[PDB]
Structure formats: structure tokens, C-alpha cells
Amino acid sequence: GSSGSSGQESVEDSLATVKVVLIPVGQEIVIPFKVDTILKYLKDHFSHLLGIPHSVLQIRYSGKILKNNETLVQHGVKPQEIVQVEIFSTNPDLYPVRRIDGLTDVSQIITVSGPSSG
């Protein structure tokens with residue numbers, strides 16, 4: 001499609017932190033997204049980049065299936081907040097999900113294991 005046109009605005013009053021995790025890949029990607037802007041906008045992006053259509057690619061949140069015309073504020077998301085969403089494709093055999101190219105981000109994590117038996 002078309003990607004370029006963009007006005008002027010440099011603020012973070014509404015923009016919230018939306019973490020993205022690849023289901024098939026398992027990688028982690030963080031990118032700022034508007035709470036008033038539909039999800040599609042964010043989706044269509046990964047689609048083109050990956051080279052696969054959105055007709056097969058979908059999103060998941062709170063064990064629910066978010067729609068394109070759907071919005072974060074519609075599900076219950078406030079501005080300047082942090083969340084976590086997962087991405088995956090219904091038809092992996094036809095349109096599999098690959099890693100993004102262009103930038104190199106990094107993340108961290110930690111977990112506690114179980115103690116001894118006795």
C-alpha cells in the first residue's frame with residue numbers, strides 16, 4: 001500500500017508502551033503505539049515488512065482476538081501505559097512469520113526456580 005505521509009507531532013501524552021512477542025519466532029520487539037489508533041495500523045506494518053498479507057496475520061490480547069477496526073481504548077487501555085501482546089499467522093504453512101529487519105533491539109528477563117525437596 002502507501003506508507004510515508006505523516007504530519008508533525010512529538011509528544012508522549014497519549015502514546016503507550018506496547019510490547020510485541022512473536023509466537024512462531026518467540027522474539028521480542030517493542031514499539032510505541034497510539035491508544036486511539038486502531039490495531040491494524042500497527043499490524044499492516046509487520047505485514048508488509050514480513051512480506052505477508054494481514055488476511056492471515058492476526059493479533060491476540062488477554063486470550064481474546066482483537067480486530068483490525070478495533071482499538072486499544074475499546075478493550076480498556078489508557079494512555080502512557082505498558083502492555084503485552086502476541087502476534088501470529090493463521091496460515092503459517094502458506095504465510096509464515098519471520099523476524100524483522102532494519103533495527104536491532106535488546107531485552108532482559110529473569111525467573112526463580114523451585115527450592116530443594118527436603
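- Structure determination for this PDB entry is given in the record as solution NMR.

### Regarding the pairing of strand β2 (residues 28–33)
- As defined by bridge partners, strand β1 (residues 16–22) adjoins β2 across 6 bridges and the pair is classed as antiparallel. Directly across from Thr17, in β2, lies its bridge partner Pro32.
- In this antiparallel pair of consecutive strands, β1 and β2, the connection spans 5 residues, and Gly26 shows a positive phi of 90°.

### Re the nonpolar core
- In terms of nonpolar packing, the biggest core is built from 21 residues, with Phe46 and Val85 touching the most fellow members.
- For this core, the secondary-structure elements that each account for two or more residues are β1, β2, α1 (40–50), β3 (57–61) and β5 (82–89).
- The biggest single contributor to this core is β1, with 4 residues.
- Apart from residues no more than four positions distant in its own chain, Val85 is found in contact with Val18, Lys19, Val20, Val21, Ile59, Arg60 and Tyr61.

### Considerations on the environment of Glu81
- Tracing the sequence through the fold places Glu81 in the loop between α2 (72–75) and β5.
- Note on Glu81: relative accessible area 18%, which makes it buried.
- Considering only alpha carbons, one finds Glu81 and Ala16, 65 residues apart in sequence, at a separation of 4.9 Å.
- In this structure, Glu81 is in contact with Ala16 and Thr17, ignoring residues within four places of it in sequence.

### Looking at the pattern of salt bridges
- Applying the stated criterion across every chain, the model contains 1 salt bridge.
- Across the pair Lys40 and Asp44 runs a salt bridge whose closest N-O atoms are separated by 3.9 Å. A residue pair is termed a helical-turn pair when its members lie 3 or 4 positions apart in one helix, as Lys40 and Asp44 do in helix α1 at 4 residues.
- What makes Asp44 partly exposed here is its relative accessible area of 32%.

Here is what the cut-offs are and how they apply
- Along every chain, residues receive numbers from 1 upward following the written sequence, which is not necessarily the numbering found in the entry; those without coordinates are excluded from display.
- Side-chain numbers come from the whole structure's heavy atoms, not from hydrogens or water.
- One bridge is not enough; two strands pair if DSSP finds at least two bridges between them.
- Helix and strand assignments come from DSSP, with helices taken as H or I runs of at least 4 residues and strands as E runs of at least 2, each series counted from the N terminus.
- Definition used in this section: a nonpolar core is a set of buried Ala, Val, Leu, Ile, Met, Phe, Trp, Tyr and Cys residues joined via side-chain atoms within 4.5 Å.
- For every residue, the accessible area (1.4 Å probe, protein chains only) is compared with the maximum for its type, and the residue is labelled buried under 20%, exposed over 50%, or partly exposed between those bounds.
- When checking whether two residues touch, look at their non-hydrogen atoms; a contact exists if any pair is within 4.5 Å.
- One speaks of a salt bridge when a side-chain nitrogen belonging to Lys or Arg is within 4 Å of a carboxyl oxygen belonging to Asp or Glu.

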